[PDB]
């Protein structure tokens, strides 16, 4: 499922930094119960950066086993070398995931033609649906609407998570792609605006701690009831901002711990424990949302 509120799920860890199965089960049950549309497993918010390939596959497989067919799972699968991206994607074929979230090559700053070849080749070598992920603040490269237009013609490239926060991209892309191509916000603070402009949903950090309100907001937006969705969005707006007061997923993991959703807020270096000042800003945002 590729519409509505999709959670960019944390990968909960014990005090040693290893994946905590009990905490993950608690999160998945929460998402099933709260009407979340799907789970992105080992995306950015899932510390894709710091898990080894074994861990990355283990977390996705554990998420699928725990979900037990109750909610669809999308795996985070990008890489900055095209042969690697292909390789890692093969490993998930027939896993039970419904799709892959594949980021633009980071660090090596490819041309638009390079991006076209990269993603075309990934898609050629799988039957899985691919969702392109554009996040220039992290990767140093910006997948432009024209190139998204070229890629949307590839049968298996089915949508984009547009994380620039630049709302002009919504209708620049829409006009170049077919009506079944999915446009998903990757910027919680601008996501309601994104849907009002014609976007189809959000791949959300805030959804980790406010799943029901996120799922209701996105349904109201889909129905056209923007004034009603905006009431919910105004209560969540402090979280949408303050979950990035320190690098993601530091604040959201601390919030999940405070709510009792995970056992510990531990992350892997170079992510650091939340500062005291951060804890206070996040807890005030949680109170604004009505969660504490």
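Positions refer to the first chain, counted from 1.
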Higher average CA B factor in the deposited record is what I'm after, so tell me if that's 5-13 or 270-278.
270-278
Quick one: say whether 230-238 or 260-268 has the higher mean Cα B-factor in the deposited entry.
260-268
Specify which of 162, 193, 213, 124 carries the largest Cα B factor in the deposited PDB entry.
124
So among 201, 145, 78, 186, who wins on Cα B-factor in the entry?
78
Going by the CA temperature factor in the PDB record, which third of the chain does residue 253 belong to: lowest, middle or highest?
middle
Which third, lowest, middle or highest, does the CA B-factor of residue 91 fall in along this chain?
highest
Thinking about Cα B factors across the chain, which third does residue 168 belong to?
lowest
Chain third (lowest, middle, highest) by recorded CA B-factor, residue given as residue 206:
lowest
Would you mind checking where the Cα B-factor of residue 104 ranks among the modelled residues of its chain, as the lowest, middle or highest third?
middle
